[PDB]
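Undergrad:
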Amino acid sequence: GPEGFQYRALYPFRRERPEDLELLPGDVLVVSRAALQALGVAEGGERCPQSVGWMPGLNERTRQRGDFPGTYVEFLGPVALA
Ligand SMILES: [Cl-]
Numbered sequence: 003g004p005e006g007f008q009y010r011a012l013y014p015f016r017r018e019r020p021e022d023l024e025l026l027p028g029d030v031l032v033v034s035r036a037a038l039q040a041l042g043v044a045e046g047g048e049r050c051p052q053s054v055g056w057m058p059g060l061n062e063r064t065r066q067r068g069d070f071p072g073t074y075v076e077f078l079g080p081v082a083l084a
């Protein structure tokens with residue numbers, strides 16, 4: 003199976019915590035399967051980010067990593083990683 007998943011931010015998120023990840027609408031985020039497994043997301047729950055809650059991820063526009071709310075993003079599908 004796929005090493006990761008892509009999401010697209012739909013709504014701006016301003017960092018609240020040191021480890022938060024800033025979002026602007028249209029930002030593509032990559033989340034690794036290892037990271038969802040590690041949070042105990044059950045197989046295929048990646049398709050409902052509103053249910054995962056907060057996720058760690060790479061924001062491709064900023065190049066930063068950190069935590070962001072799944073309710074601010076839509077699932078795009080599976081990807082290869084760097
Ligand atoms: Cl801050």
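Residues in the sequence shown are numbered from 3 upward in steps of one, following the deposited numbering.
Just so you know, even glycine gets a beta-carbon here, dropped at the ideal spot from N, CA and C.
1. Can you name the residues that DSSP bridges to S34?
2. Closer than 7 Å to a non-hydrogen atom of ligand 1 - does that hold for the CB of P20?
3. Below 8 Å CB to CB, which residues in the same chain sit around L26 once its five sequence neighbours on both sides are set aside?
4. Under three-state DSSP, which class holds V43?
5. Roughly how far, in whole angstroms, is the beta-carbon of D69 from the beta-carbon of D22, given that I think they are within contact range, below 8 Å?
6. Just checking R67 against ligand 1 - is the residue's beta carbon closer than 7 Å to any of the ligand's heavy atoms?
TA: Put simply:
1. Locating residue 34 in the sequence shown gives position 32, counting from the first residue. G6.
2. Position 18 of the sequence shown, counting from 1, holds the residue named residue 20. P20 Cβ: within cutoff of ligand 1.
3. As a working mapping, residue 26 is identified with position 24 in the sequence shown. Correct list, in chain order: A11, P14 and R63.
4. Translated into the one-based positions of the sequence shown, residue 43 becomes position 41. In the structure shown, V43 sits in coil (DSSP, three-state: anything other than H, G, I, E or B).
5. Against the sequence shown, residue 69 aligns to sequence position 67. Against the sequence shown, residue 22 aligns to sequence position 20. About 6 Å separates the two Cβ atoms, so the contact holds.
6. Against the sequence shown, residue 67 aligns to sequence position 65. No - ligand 1 has no heavy atom lying nearer than 7 Å to the Cβ of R67.
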